[PDB]
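Shown next: work-v2.csv, containing CSV, N, CA, C and O atoms.
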```
chain,number,residue,atom,x,y,z
A,1,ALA,N,155.2,152.2,-3.5
A,1,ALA,CA,155.8,151.0,-4.0
A,1,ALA,C,155.3,150.7,-5.4
A,1,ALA,O,156.1,150.5,-6.4
A,2,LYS,N,154.0,150.9,-5.7
A,2,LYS,CA,153.5,150.5,-7.0
A,2,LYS,C,154.4,151.4,-7.9
A,2,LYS,O,154.8,150.9,-9.0
A,3,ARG,N,154.8,152.6,-7.5
A,3,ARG,CA,155.6,153.4,-8.4
A,3,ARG,C,156.9,152.7,-8.7
A,3,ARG,O,157.3,152.7,-9.9
A,4,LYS,N,157.6,152.1,-7.8
A,4,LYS,CA,158.8,151.4,-8.1
A,4,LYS,C,158.7,150.3,-9.1
A,4,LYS,O,159.5,150.2,-10.0
A,5,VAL,N,157.6,149.5,-8.9
A,5,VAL,CA,157.4,148.4,-9.8
A,5,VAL,C,157.1,149.0,-11.2
A,5,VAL,O,157.7,148.4,-12.2
A,6,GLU,N,156.4,150.0,-11.3
A,6,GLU,CA,156.1,150.6,-12.6
A,6,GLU,C,157.4,151.1,-13.3
A,6,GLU,O,157.6,151.0,-14.5
A,7,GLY,N,158.3,151.7,-12.5
A,7,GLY,CA,159.6,152.2,-13.0
A,7,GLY,C,160.4,151.1,-13.5
A,7,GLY,O,161.0,151.2,-14.5
A,8,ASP,N,160.4,150.0,-12.8
A,8,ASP,CA,161.1,148.8,-13.2
A,8,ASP,C,160.6,148.3,-14.6
A,8,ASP,O,161.3,148.0,-15.5
A,9,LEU,N,159.3,148.3,-14.7
A,9,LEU,CA,158.7,147.9,-16.0
A,9,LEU,C,159.1,148.9,-17.1
A,9,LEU,O,159.5,148.4,-18.2
A,10,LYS,N,159.1,150.2,-16.8
A,10,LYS,CA,159.6,151.1,-17.8
A,10,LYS,C,161.0,150.8,-18.3
A,10,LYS,O,161.3,150.8,-19.4
A,11,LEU,N,161.9,150.6,-17.3
A,11,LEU,CA,163.3,150.3,-17.6
A,11,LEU,C,163.4,149.0,-18.4
A,11,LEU,O,164.2,148.9,-19.4
A,12,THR,N,162.6,148.0,-18.1
A,12,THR,CA,162.7,146.7,-18.9
A,12,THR,C,162.2,147.0,-20.3
A,12,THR,O,162.8,146.5,-21.3
A,13,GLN,N,161.2,147.8,-20.5
A,13,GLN,CA,160.7,148.2,-21.8
A,13,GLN,C,161.8,148.9,-22.6
A,13,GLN,O,162.0,148.8,-23.8
A,14,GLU,N,162.5,149.8,-21.9
A,14,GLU,CA,163.6,150.5,-22.5
A,14,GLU,C,164.7,149.5,-23.0
A,14,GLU,O,165.1,149.6,-24.1
A,15,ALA,N,165.0,148.5,-22.2
A,15,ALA,CA,165.9,147.5,-22.6
A,15,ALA,C,165.4,146.8,-23.9
A,15,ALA,O,166.2,146.6,-24.8
A,16,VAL,N,164.1,146.5,-23.9
A,16,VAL,CA,163.6,145.9,-25.2
A,16,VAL,C,163.6,146.8,-26.5
A,16,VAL,O,163.8,146.2,-27.5
A,17,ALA,N,163.3,148.1,-26.4
A,17,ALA,CA,163.3,148.8,-27.7
A,17,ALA,C,164.7,148.8,-28.4
A,17,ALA,O,164.8,148.4,-29.5
A,18,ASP,N,165.6,149.0,-27.5
A,18,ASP,CA,167.1,148.8,-27.7
A,18,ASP,C,167.3,147.4,-28.1
A,18,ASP,O,168.3,147.1,-28.9
A,19,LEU,N,166.5,146.4,-27.7
A,19,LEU,CA,166.7,145.0,-28.1
A,19,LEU,C,166.1,144.9,-29.5
A,19,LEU,O,166.5,144.0,-30.3
A,20,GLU,N,165.2,145.8,-30.0
A,20,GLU,CA,165.0,145.9,-31.4
A,20,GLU,C,166.1,146.5,-32.1
A,20,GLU,O,166.4,146.2,-33.3
A,21,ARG,N,166.8,147.4,-31.5
A,21,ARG,CA,167.9,148.1,-32.1
A,21,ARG,C,169.1,147.2,-32.2
A,21,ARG,O,170.0,147.4,-33.1
A,22,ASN,N,169.2,146.2,-31.3
A,22,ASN,CA,170.3,145.2,-31.5
A,22,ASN,C,169.9,144.2,-32.6
A,22,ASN,O,170.7,143.9,-33.5
A,23,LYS,N,168.6,143.8,-32.7
A,23,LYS,CA,168.3,142.7,-33.6
A,23,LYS,C,168.2,143.2,-35.0
A,23,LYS,O,168.2,142.3,-35.9
A,24,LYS,N,168.1,144.5,-35.3
A,24,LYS,CA,168.2,144.9,-36.7
A,24,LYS,C,169.6,145.4,-37.0
A,24,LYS,O,169.9,145.4,-38.2
A,25,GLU,N,170.4,145.7,-36.1
A,25,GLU,CA,171.8,146.0,-36.4
A,25,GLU,C,172.6,144.7,-36.5
A,25,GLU,O,173.8,144.8,-36.8
A,26,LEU,N,172.0,143.6,-36.1
A,26,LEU,CA,172.7,142.3,-36.3
A,26,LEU,C,172.2,141.6,-37.5
A,26,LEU,O,173.0,140.9,-38.2
A,27,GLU,N,170.9,141.7,-37.9
A,27,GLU,CA,170.4,141.0,-39.0
A,27,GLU,C,170.9,141.5,-40.3
A,27,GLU,O,170.9,140.8,-41.3
A,28,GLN,N,171.3,142.8,-40.3
A,28,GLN,CA,172.0,143.3,-41.5
A,28,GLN,C,173.3,142.6,-41.7
A,28,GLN,O,173.8,142.4,-42.9
A,29,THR,N,174.0,142.2,-40.6
A,29,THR,CA,175.3,141.5,-40.8
A,29,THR,C,175.0,140.1,-41.2
A,29,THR,O,175.9,139.5,-41.9
A,30,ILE,N,173.8,139.6,-40.9
A,30,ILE,CA,173.4,138.2,-41.4
A,30,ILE,C,173.3,138.2,-42.9
A,30,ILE,O,173.9,137.4,-43.6
A,31,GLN,N,172.6,139.3,-43.4
A,31,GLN,CA,172.5,139.3,-44.9
A,31,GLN,C,173.8,139.7,-45.6
A,31,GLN,O,174.1,139.3,-46.7
A,32,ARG,N,174.6,140.6,-45.0
A,32,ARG,CA,175.8,141.1,-45.6
A,32,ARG,C,176.8,139.9,-45.7
A,32,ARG,O,177.5,139.7,-46.7
A,33,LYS,N,177.0,139.2,-44.6
A,33,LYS,CA,177.9,138.0,-44.6
A,33,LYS,C,177.3,136.9,-45.4
A,33,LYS,O,178.0,136.0,-45.8
A,34,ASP,N,176.0,136.9,-45.7
A,34,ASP,CA,175.4,135.9,-46.6
A,34,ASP,C,175.8,136.2,-48.0
A,34,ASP,O,176.2,135.3,-48.8
A,35,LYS,N,175.8,137.5,-48.5
A,35,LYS,CA,176.1,137.8,-49.9
A,35,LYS,C,177.6,137.7,-50.1
A,35,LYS,O,178.0,137.6,-51.3
A,36,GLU,N,178.4,137.8,-49.1
A,36,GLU,CA,179.8,137.7,-49.2
A,36,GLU,C,180.2,136.3,-49.5
A,36,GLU,O,181.1,136.0,-50.4
A,37,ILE,N,179.7,135.4,-48.7
A,37,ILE,CA,180.0,134.0,-49.0
A,37,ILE,C,179.3,133.5,-50.3
A,37,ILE,O,179.9,132.7,-51.0
A,38,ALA,N,178.2,134.1,-50.6
A,38,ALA,CA,177.5,133.7,-51.9
A,38,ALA,C,178.3,134.3,-53.0
A,38,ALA,O,178.2,133.9,-54.2
A,39,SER,N,179.2,135.3,-52.8
A,39,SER,CA,180.2,135.8,-53.7
A,39,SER,C,181.4,134.9,-53.6
A,39,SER,O,181.9,134.4,-54.6
A,40,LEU,N,181.9,134.7,-52.4
A,40,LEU,CA,183.2,134.1,-52.3
A,40,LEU,C,183.1,132.5,-52.5
A,40,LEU,O,183.9,132.0,-53.3
A,41,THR,N,182.2,131.9,-51.8
A,41,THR,CA,182.2,130.4,-51.9
A,41,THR,C,181.6,130.0,-53.3
A,41,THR,O,181.7,128.8,-53.6
A,42,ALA,N,181.0,130.9,-54.0
A,42,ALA,CA,180.8,130.7,-55.5
A,42,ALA,C,182.2,130.8,-56.2
A,42,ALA,O,182.5,129.9,-57.0
A,43,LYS,N,182.9,131.9,-56.0
A,43,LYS,CA,184.0,132.1,-56.9
A,43,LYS,C,185.3,131.3,-56.5
A,43,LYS,O,186.2,131.1,-57.3
A,44,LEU,N,185.3,130.8,-55.2
A,44,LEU,CA,186.4,130.0,-54.8
A,44,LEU,C,186.5,128.7,-55.4
A,44,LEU,O,187.6,128.3,-55.9
A,45,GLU,N,185.4,128.0,-55.5
A,45,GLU,CA,185.4,126.7,-56.2
A,45,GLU,C,185.6,126.9,-57.7
A,45,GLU,O,186.1,126.0,-58.4
A,46,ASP,N,185.1,128.0,-58.3
A,46,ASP,CA,185.4,128.3,-59.7
A,46,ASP,C,186.9,128.6,-59.8
A,46,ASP,O,187.5,128.1,-60.8
A,47,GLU,N,187.5,129.4,-58.9
A,47,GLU,CA,189.0,129.6,-59.0
A,47,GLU,C,189.7,128.4,-58.5
A,47,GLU,O,190.9,128.3,-58.5
A,48,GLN,N,189.0,127.4,-57.9
A,48,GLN,CA,189.5,126.1,-57.7
A,48,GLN,C,189.4,125.3,-59.0
A,48,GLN,O,190.3,124.5,-59.4
B,1,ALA,N,145.4,147.1,-8.5
B,1,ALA,CA,146.1,147.8,-9.6
B,1,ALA,C,147.6,147.6,-9.5
B,1,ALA,O,148.2,147.6,-10.6
B,2,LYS,N,148.1,147.5,-8.3
B,2,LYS,CA,149.5,147.2,-8.2
B,2,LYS,C,149.8,145.7,-8.6
B,2,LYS,O,150.8,145.4,-9.3
B,3,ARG,N,148.8,144.8,-8.3
B,3,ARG,CA,149.0,143.4,-8.4
B,3,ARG,C,149.2,142.9,-9.8
B,3,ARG,O,150.0,142.1,-10.1
B,4,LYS,N,148.3,143.3,-10.7
B,4,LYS,CA,148.4,142.9,-12.1
B,4,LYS,C,149.6,143.5,-12.8
B,4,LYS,O,150.1,142.8,-13.7
B,5,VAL,N,150.0,144.7,-12.4
B,5,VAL,CA,151.2,145.3,-13.0
B,5,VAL,C,152.4,144.6,-12.6
B,5,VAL,O,153.4,144.5,-13.3
B,6,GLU,N,152.4,144.0,-11.3
B,6,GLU,CA,153.6,143.3,-10.8
B,6,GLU,C,153.8,142.0,-11.7
B,6,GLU,O,154.9,141.6,-11.9
B,7,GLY,N,152.7,141.4,-12.1
B,7,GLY,CA,152.9,140.2,-13.0
B,7,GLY,C,153.3,140.6,-14.4
B,7,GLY,O,153.9,139.8,-15.1
B,8,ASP,N,152.9,141.8,-14.8
B,8,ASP,CA,153.2,142.3,-16.1
B,8,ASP,C,154.7,142.5,-16.3
B,8,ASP,O,155.3,142.4,-17.4
B,9,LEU,N,155.4,142.9,-15.2
B,9,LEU,CA,156.9,143.0,-15.2
B,9,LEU,C,157.5,141.6,-15.3
B,9,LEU,O,158.5,141.4,-16.0
B,10,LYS,N,156.8,140.6,-14.7
B,10,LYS,CA,157.3,139.2,-14.8
B,10,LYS,C,157.1,138.7,-16.2
B,10,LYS,O,157.9,137.9,-16.7
B,11,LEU,N,156.1,139.1,-16.9
B,11,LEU,CA,155.9,138.8,-18.3
B,11,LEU,C,156.9,139.5,-19.1
B,11,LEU,O,157.5,138.8,-20.0
B,12,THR,N,157.2,140.8,-18.9
B,12,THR,CA,158.0,141.5,-19.9
B,12,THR,C,159.5,141.3,-19.6
B,12,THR,O,160.3,141.4,-20.6
B,13,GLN,N,159.9,140.9,-18.4
B,13,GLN,CA,161.3,140.7,-18.1
B,13,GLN,C,161.8,139.4,-18.9
B,13,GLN,O,162.9,139.4,-19.4
B,14,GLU,N,161.0,138.4,-19.0
B,14,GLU,CA,161.4,137.2,-19.7
B,14,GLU,C,161.4,137.4,-21.2
B,14,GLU,O,162.2,136.8,-21.9
B,15,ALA,N,160.4,138.2,-21.6
B,15,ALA,CA,160.4,138.5,-23.0
B,15,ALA,C,161.6,139.4,-23.4
B,15,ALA,O,162.1,139.3,-24.6
B,16,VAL,N,162.1,140.2,-22.5
B,16,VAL,CA,163.4,140.8,-22.7
B,16,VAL,C,164.5,139.8,-22.6
B,16,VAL,O,165.4,139.8,-23.5
B,17,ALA,N,164.4,138.9,-21.7
B,17,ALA,CA,165.5,137.9,-21.5
B,17,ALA,C,165.5,136.9,-22.7
B,17,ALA,O,166.6,136.3,-23.0
B,18,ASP,N,164.3,136.6,-23.3
B,18,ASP,CA,164.3,135.8,-24.5
B,18,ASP,C,165.0,136.4,-25.6
B,18,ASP,O,165.8,135.7,-26.4
B,19,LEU,N,164.8,137.7,-25.8
B,19,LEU,CA,165.7,138.4,-26.8
B,19,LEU,C,167.1,138.5,-26.3
B,19,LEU,O,168.0,138.4,-27.1
B,20,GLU,N,167.3,138.6,-25.0
B,20,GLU,CA,168.6,138.7,-24.4
B,20,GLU,C,169.3,137.3,-24.4
B,20,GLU,O,170.5,137.2,-24.4
B,21,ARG,N,168.5,136.2,-24.5
B,21,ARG,CA,169.1,134.9,-24.8
B,21,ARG,C,169.2,134.8,-26.3
B,21,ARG,O,170.1,134.1,-26.8
B,22,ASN,N,168.4,135.4,-27.1
B,22,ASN,CA,168.6,135.5,-28.5
B,22,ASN,C,169.7,136.4,-28.9
B,22,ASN,O,170.3,136.3,-30.0
B,23,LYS,N,170.1,137.3,-28.0
B,23,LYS,CA,171.2,138.2,-28.3
B,23,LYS,C,172.5,137.5,-28.3
B,23,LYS,O,173.4,137.8,-29.2
B,24,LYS,N,172.7,136.6,-27.4
B,24,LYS,CA,174.0,135.9,-27.4
B,24,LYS,C,174.2,134.9,-28.4
B,24,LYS,O,175.3,134.6,-28.9
B,25,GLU,N,173.1,134.3,-28.9
B,25,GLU,CA,173.3,133.3,-30.0
B,25,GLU,C,173.4,134.0,-31.3
B,25,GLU,O,174.1,133.5,-32.2
B,26,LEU,N,172.8,135.2,-31.4
B,26,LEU,CA,172.9,135.9,-32.7
B,26,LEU,C,174.3,136.5,-32.8
B,26,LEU,O,174.8,136.6,-34.0
B,27,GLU,N,175.0,136.8,-31.7
B,27,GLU,CA,176.4,137.1,-31.8
B,27,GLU,C,177.2,135.8,-32.1
B,27,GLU,O,178.2,135.9,-32.7
B,28,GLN,N,176.7,134.7,-31.5
B,28,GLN,CA,177.4,133.4,-31.6
B,28,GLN,C,177.5,132.9,-33.1
B,28,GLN,O,178.5,132.4,-33.5
B,29,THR,N,176.4,133.1,-33.8
B,29,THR,CA,176.4,132.7,-35.2
B,29,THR,C,177.2,133.6,-36.0
B,29,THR,O,177.9,133.2,-37.0
B,30,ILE,N,177.3,134.9,-35.7
B,30,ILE,CA,178.2,135.8,-36.3
B,30,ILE,C,179.7,135.5,-35.9
B,30,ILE,O,180.6,135.4,-36.7
B,31,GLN,N,179.9,135.1,-34.6
B,31,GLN,CA,181.2,134.7,-34.2
B,31,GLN,C,181.5,133.3,-34.8
B,31,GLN,O,182.7,132.9,-34.8
B,32,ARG,N,180.5,132.5,-35.2
B,32,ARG,CA,180.8,131.3,-35.9
B,32,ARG,C,181.2,131.7,-37.4
B,32,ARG,O,181.9,130.9,-38.0
B,33,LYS,N,180.8,132.9,-37.8
B,33,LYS,CA,181.1,133.2,-39.2
B,33,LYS,C,182.1,134.4,-39.3
B,33,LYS,O,182.5,134.8,-40.4
B,34,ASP,N,182.6,134.9,-38.1
B,34,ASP,CA,183.6,135.9,-38.1
B,34,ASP,C,184.9,135.4,-38.6
B,34,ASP,O,185.8,136.2,-39.0
B,35,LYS,N,185.2,134.1,-38.5
B,35,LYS,CA,186.5,133.6,-38.7
B,35,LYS,C,186.8,133.1,-40.1
B,35,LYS,O,187.9,133.2,-40.6
B,36,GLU,N,185.8,132.5,-40.7
B,36,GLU,CA,186.0,131.7,-41.9
B,36,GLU,C,186.1,132.7,-43.1
B,36,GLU,O,186.9,132.4,-44.1
B,37,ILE,N,185.4,133.8,-43.1
B,37,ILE,CA,185.5,134.8,-44.2
B,37,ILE,C,186.9,135.5,-44.2
B,37,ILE,O,187.5,135.6,-45.3
B,38,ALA,N,187.4,135.8,-43.1
B,38,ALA,CA,188.8,136.3,-43.0
B,38,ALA,C,189.8,135.2,-43.3
B,38,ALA,O,190.9,135.4,-43.7
B,39,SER,N,189.3,133.9,-43.2
B,39,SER,CA,190.2,132.8,-43.6
B,39,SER,C,190.2,132.6,-45.1
B,39,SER,O,191.2,132.4,-45.7
B,40,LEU,N,189.0,132.5,-45.7
B,40,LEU,CA,188.8,132.2,-47.1
B,40,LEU,C,189.4,133.3,-48.0
B,40,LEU,O,189.8,133.0,-49.1
B,41,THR,N,189.5,134.5,-47.5
B,41,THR,CA,190.1,135.6,-48.2
B,41,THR,C,191.6,135.3,-48.3
B,41,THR,O,192.2,135.7,-49.4
B,42,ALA,N,192.2,134.7,-47.4
B,42,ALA,CA,193.6,134.2,-47.5
B,42,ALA,C,193.6,133.0,-48.5
B,42,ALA,O,194.4,132.9,-49.4
B,43,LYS,N,192.7,132.0,-48.3
B,43,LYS,CA,192.7,130.8,-49.0
B,43,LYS,C,192.4,131.0,-50.5
B,43,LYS,O,193.0,130.4,-51.4
B,44,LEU,N,191.5,131.9,-50.8
B,44,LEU,CA,191.3,132.3,-52.2
B,44,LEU,C,192.5,133.0,-52.8
B,44,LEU,O,192.9,132.8,-53.9
B,45,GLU,N,193.2,133.8,-51.9
B,45,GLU,CA,194.3,134.5,-52.4
B,45,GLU,C,195.5,133.6,-52.5
B,45,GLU,O,196.4,133.8,-53.4
B,46,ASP,N,195.6,132.6,-51.7
B,46,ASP,CA,196.8,131.7,-51.7
B,46,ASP,C,196.6,130.8,-52.9
B,46,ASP,O,197.7,130.4,-53.6
B,47,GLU,N,195.4,130.4,-53.3
B,47,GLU,CA,195.3,129.5,-54.5
B,47,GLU,C,195.4,130.4,-55.7
B,47,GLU,O,195.7,129.8,-56.8
B,48,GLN,N,195.1,131.7,-55.6
B,48,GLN,CA,195.2,132.5,-56.8
B,48,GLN,C,196.6,132.9,-57.2
B,48,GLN,O,196.9,133.4,-58.3
```

Would you mind writing the file out in structure tokens?
Amino acid sequence: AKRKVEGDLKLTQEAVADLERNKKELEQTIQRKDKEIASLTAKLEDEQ
Amino acid sequence: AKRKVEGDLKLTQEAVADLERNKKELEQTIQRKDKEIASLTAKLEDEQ
């Protein structure tokens, strides 16, 4: 049994490294959509 | 040796779930911003 518990822990850890892979593939979208509105919501009121 | 590792899974599962609860809000803020940028590209073009 201890083996099963350890296996579950390993699987949960696998989910977390991947959860680093999610959180950095998403934070790039945070910065990219930040610079787009910093381009657009600057230029929209100017073209207003 | 089994006993302390059983608690370590309880530690690591919620730390996974905390990022997994941070996973859905991080999509949610992008889903909050997925719509307006595709909207303002029309609005900037309609005013232009």

Using all atoms listed in the file, select each residue of chain B with any atom at most 8 Å away from an atom of chain A, and give the selection as a PDB file with N, CA, C and O atoms, in the coordinates of the input.
```pdb
ATOM      1  N   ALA B   1     145.400 147.100  -8.500  1.00  0.00           N
ATOM      2  CA  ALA B   1     146.100 147.800  -9.600  1.00  0.00           C
ATOM      3  C   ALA B   1     147.600 147.600  -9.500  1.00  0.00           C
ATOM      4  O   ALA B   1     148.200 147.600 -10.600  1.00  0.00           O
ATOM      5  N   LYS B   2     148.100 147.500  -8.300  1.00  0.00           N
ATOM      6  CA  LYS B   2     149.500 147.200  -8.200  1.00  0.00           C
ATOM      7  C   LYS B   2     149.800 145.700  -8.600  1.00  0.00           C
ATOM      8  O   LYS B   2     150.800 145.400  -9.300  1.00  0.00           O
ATOM      9  N   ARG B   3     148.800 144.800  -8.300  1.00  0.00           N
ATOM     10  CA  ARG B   3     149.000 143.400  -8.400  1.00  0.00           C
ATOM     11  C   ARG B   3     149.200 142.900  -9.800  1.00  0.00           C
ATOM     12  O   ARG B   3     150.000 142.100 -10.100  1.00  0.00           O
ATOM     13  N   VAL B   5     150.000 144.700 -12.400  1.00  0.00           N
ATOM     14  CA  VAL B   5     151.200 145.300 -13.000  1.00  0.00           C
ATOM     15  C   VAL B   5     152.400 144.600 -12.600  1.00  0.00           C
ATOM     16  O   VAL B   5     153.400 144.500 -13.300  1.00  0.00           O
ATOM     17  N   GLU B   6     152.400 144.000 -11.300  1.00  0.00           N
ATOM     18  CA  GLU B   6     153.600 143.300 -10.800  1.00  0.00           C
ATOM     19  C   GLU B   6     153.800 142.000 -11.700  1.00  0.00           C
ATOM     20  O   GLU B   6     154.900 141.600 -11.900  1.00  0.00           O
ATOM     21  N   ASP B   8     152.900 141.800 -14.800  1.00  0.00           N
ATOM     22  CA  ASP B   8     153.200 142.300 -16.100  1.00  0.00           C
ATOM     23  C   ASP B   8     154.700 142.500 -16.300  1.00  0.00           C
ATOM     24  O   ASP B   8     155.300 142.400 -17.400  1.00  0.00           O
ATOM     25  N   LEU B   9     155.400 142.900 -15.200  1.00  0.00           N
ATOM     26  CA  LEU B   9     156.900 143.000 -15.200  1.00  0.00           C
ATOM     27  C   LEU B   9     157.500 141.600 -15.300  1.00  0.00           C
ATOM     28  O   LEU B   9     158.500 141.400 -16.000  1.00  0.00           O
ATOM     29  N   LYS B  10     156.800 140.600 -14.700  1.00  0.00           N
ATOM     30  CA  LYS B  10     157.300 139.200 -14.800  1.00  0.00           C
ATOM     31  C   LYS B  10     157.100 138.700 -16.200  1.00  0.00           C
ATOM     32  O   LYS B  10     157.900 137.900 -16.700  1.00  0.00           O
ATOM     33  N   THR B  12     157.200 140.800 -18.900  1.00  0.00           N
ATOM     34  CA  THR B  12     158.000 141.500 -19.900  1.00  0.00           C
ATOM     35  C   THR B  12     159.500 141.300 -19.600  1.00  0.00           C
ATOM     36  O   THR B  12     160.300 141.400 -20.600  1.00  0.00           O
ATOM     37  N   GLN B  13     159.900 140.900 -18.400  1.00  0.00           N
ATOM     38  CA  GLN B  13     161.300 140.700 -18.100  1.00  0.00           C
ATOM     39  C   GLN B  13     161.800 139.400 -18.900  1.00  0.00           C
ATOM     40  O   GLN B  13     162.900 139.400 -19.400  1.00  0.00           O
ATOM     41  N   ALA B  15     160.400 138.200 -21.600  1.00  0.00           N
ATOM     42  CA  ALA B  15     160.400 138.500 -23.000  1.00  0.00           C
ATOM     43  C   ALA B  15     161.600 139.400 -23.400  1.00  0.00           C
ATOM     44  O   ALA B  15     162.100 139.300 -24.600  1.00  0.00           O
ATOM     45  N   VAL B  16     162.100 140.200 -22.500  1.00  0.00           N
ATOM     46  CA  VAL B  16     163.400 140.800 -22.700  1.00  0.00           C
ATOM     47  C   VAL B  16     164.500 139.800 -22.600  1.00  0.00           C
ATOM     48  O   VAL B  16     165.400 139.800 -23.500  1.00  0.00           O
ATOM     49  N   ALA B  17     164.400 138.900 -21.700  1.00  0.00           N
ATOM     50  CA  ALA B  17     165.500 137.900 -21.500  1.00  0.00           C
ATOM     51  C   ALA B  17     165.500 136.900 -22.700  1.00  0.00           C
ATOM     52  O   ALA B  17     166.600 136.300 -23.000  1.00  0.00           O
ATOM     53  N   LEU B  19     164.800 137.700 -25.800  1.00  0.00           N
ATOM     54  CA  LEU B  19     165.700 138.400 -26.800  1.00  0.00           C
ATOM     55  C   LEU B  19     167.100 138.500 -26.300  1.00  0.00           C
ATOM     56  O   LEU B  19     168.000 138.400 -27.100  1.00  0.00           O
ATOM     57  N   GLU B  20     167.300 138.600 -25.000  1.00  0.00           N
ATOM     58  CA  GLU B  20     168.600 138.700 -24.400  1.00  0.00           C
ATOM     59  C   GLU B  20     169.300 137.300 -24.400  1.00  0.00           C
ATOM     60  O   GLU B  20     170.500 137.200 -24.400  1.00  0.00           O
ATOM     61  N   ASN B  22     168.400 135.400 -27.100  1.00  0.00           N
ATOM     62  CA  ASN B  22     168.600 135.500 -28.500  1.00  0.00           C
ATOM     63  C   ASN B  22     169.700 136.400 -28.900  1.00  0.00           C
ATOM     64  O   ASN B  22     170.300 136.300 -30.000  1.00  0.00           O
ATOM     65  N   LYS B  23     170.100 137.300 -28.000  1.00  0.00           N
ATOM     66  CA  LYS B  23     171.200 138.200 -28.300  1.00  0.00           C
ATOM     67  C   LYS B  23     172.500 137.500 -28.300  1.00  0.00           C
ATOM     68  O   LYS B  23     173.400 137.800 -29.200  1.00  0.00           O
ATOM     69  N   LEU B  26     172.800 135.200 -31.400  1.00  0.00           N
ATOM     70  CA  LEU B  26     172.900 135.900 -32.700  1.00  0.00           C
ATOM     71  C   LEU B  26     174.300 136.500 -32.800  1.00  0.00           C
ATOM     72  O   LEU B  26     174.800 136.600 -34.000  1.00  0.00           O
ATOM     73  N   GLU B  27     175.000 136.800 -31.700  1.00  0.00           N
ATOM     74  CA  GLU B  27     176.400 137.100 -31.800  1.00  0.00           C
ATOM     75  C   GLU B  27     177.200 135.800 -32.100  1.00  0.00           C
ATOM     76  O   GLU B  27     178.200 135.900 -32.700  1.00  0.00           O
ATOM     77  N   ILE B  30     177.300 134.900 -35.700  1.00  0.00           N
ATOM     78  CA  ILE B  30     178.200 135.800 -36.300  1.00  0.00           C
ATOM     79  C   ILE B  30     179.700 135.500 -35.900  1.00  0.00           C
ATOM     80  O   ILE B  30     180.600 135.400 -36.700  1.00  0.00           O
ATOM     81  N   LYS B  33     180.800 132.900 -37.800  1.00  0.00           N
ATOM     82  CA  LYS B  33     181.100 133.200 -39.200  1.00  0.00           C
ATOM     83  C   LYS B  33     182.100 134.400 -39.300  1.00  0.00           C
ATOM     84  O   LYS B  33     182.500 134.800 -40.400  1.00  0.00           O
ATOM     85  N   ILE B  37     185.400 133.800 -43.100  1.00  0.00           N
ATOM     86  CA  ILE B  37     185.500 134.800 -44.200  1.00  0.00           C
ATOM     87  C   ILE B  37     186.900 135.500 -44.200  1.00  0.00           C
ATOM     88  O   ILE B  37     187.500 135.600 -45.300  1.00  0.00           O
ATOM     89  N   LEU B  40     189.000 132.500 -45.700  1.00  0.00           N
ATOM     90  CA  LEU B  40     188.800 132.200 -47.100  1.00  0.00           C
ATOM     91  C   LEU B  40     189.400 133.300 -48.000  1.00  0.00           C
ATOM     92  O   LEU B  40     189.800 133.000 -49.100  1.00  0.00           O
ATOM     93  N   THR B  41     189.500 134.500 -47.500  1.00  0.00           N
ATOM     94  CA  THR B  41     190.100 135.600 -48.200  1.00  0.00           C
ATOM     95  C   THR B  41     191.600 135.300 -48.300  1.00  0.00           C
ATOM     96  O   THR B  41     192.200 135.700 -49.400  1.00  0.00           O
ATOM     97  N   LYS B  43     192.700 132.000 -48.300  1.00  0.00           N
ATOM     98  CA  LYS B  43     192.700 130.800 -49.000  1.00  0.00           C
ATOM     99  C   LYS B  43     192.400 131.000 -50.500  1.00  0.00           C
ATOM    100  O   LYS B  43     193.000 130.400 -51.400  1.00  0.00           O
ATOM    101  N   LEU B  44     191.500 131.900 -50.800  1.00  0.00           N
ATOM    102  CA  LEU B  44     191.300 132.300 -52.200  1.00  0.00           C
ATOM    103  C   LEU B  44     192.500 133.000 -52.800  1.00  0.00           C
ATOM    104  O   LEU B  44     192.900 132.800 -53.900  1.00  0.00           O
ATOM    105  N   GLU B  47     195.400 130.400 -53.300  1.00  0.00           N
ATOM    106  CA  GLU B  47     195.300 129.500 -54.500  1.00  0.00           C
ATOM    107  C   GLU B  47     195.400 130.400 -55.700  1.00  0.00           C
ATOM    108  O   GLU B  47     195.700 129.800 -56.800  1.00  0.00           O
ATOM    109  N   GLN B  48     195.100 131.700 -55.600  1.00  0.00           N
ATOM    110  CA  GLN B  48     195.200 132.500 -56.800  1.00  0.00           C
ATOM    111  C   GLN B  48     196.600 132.900 -57.200  1.00  0.00           C
ATOM    112  O   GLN B  48     196.900 133.400 -58.300  1.00  0.00           O
TER     113      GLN B  48
END
```

Atom C of residue 38 of chain A to atom N of residue 38 of chain B, distance in Å rounded to a single decimal: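 Distance between the two atoms: 13.5 Å.
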
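Counting from atom O of residue 18 of chain A, the distance to atom CA of residue 25 of chain B is 14.7 Å.
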
Gap from atom N of residue 32 of chain A to atom C of residue 32 of chain B - Å, one decimal: 13.4 Å
